[PDB]
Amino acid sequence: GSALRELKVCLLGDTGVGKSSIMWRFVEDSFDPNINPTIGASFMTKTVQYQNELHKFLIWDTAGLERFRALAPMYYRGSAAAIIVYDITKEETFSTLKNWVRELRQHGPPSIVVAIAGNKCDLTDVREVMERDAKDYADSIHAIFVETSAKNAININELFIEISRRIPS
């Protein structure tokens, strides 16, 4: 209330990139190879101690399926941070991510914390998006950048720790 800081965070990105899998790894420490595409938007929370302070993440997990694109503003508006996810093996998903950045910039404060997650980083042999290029783009928009794997539990915690560090509330 005074001791516990609520942090609204929204996951955005193309269908199939791993938004929900990132959330399930963070919250439930599990991975499902057969998780189904999200309908509408899902919700989970997690209470953590980062930077010697208590935070409760309020995580909105949006559907990336096309018919739900117009629903996303109901979830990203008023968020302290937006996590925009792409798939390192599909360059088109990074182009989609740039469209999400434009959508945020049209509708939210320039001060919103943006994190870019290049997910499925366990799939090293079939990479299409070079890490150097994705990092450089993230820097150009003042975003957090991590390559993640929900499957192999890589950089998921780091992602949320850095979001917490950057939110000035």
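One-based numbering along the sequence shown.
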item	value
Greater mean Cα temperature factor according to the PDB record, 15 to 23 or 149 to 157	149 to 157
126 to 134 set against 53 to 61, stretch whose average Cα temperature factor tops the other in the entry	126 to 134
Within-chain third of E66 by Cα B-factor, per the entry	highest
Chain third (lowest, middle, highest) by recorded CA B-factor, residue given as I112	highest
For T96, the third of its chain into which the C-alpha B factor falls	highest
CA B-factor placement of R105, once the chain's modelled residues are sorted into thirds	highest
Third of the chain's Cα B-factor distribution that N119 belongs to, per the entry	lowest
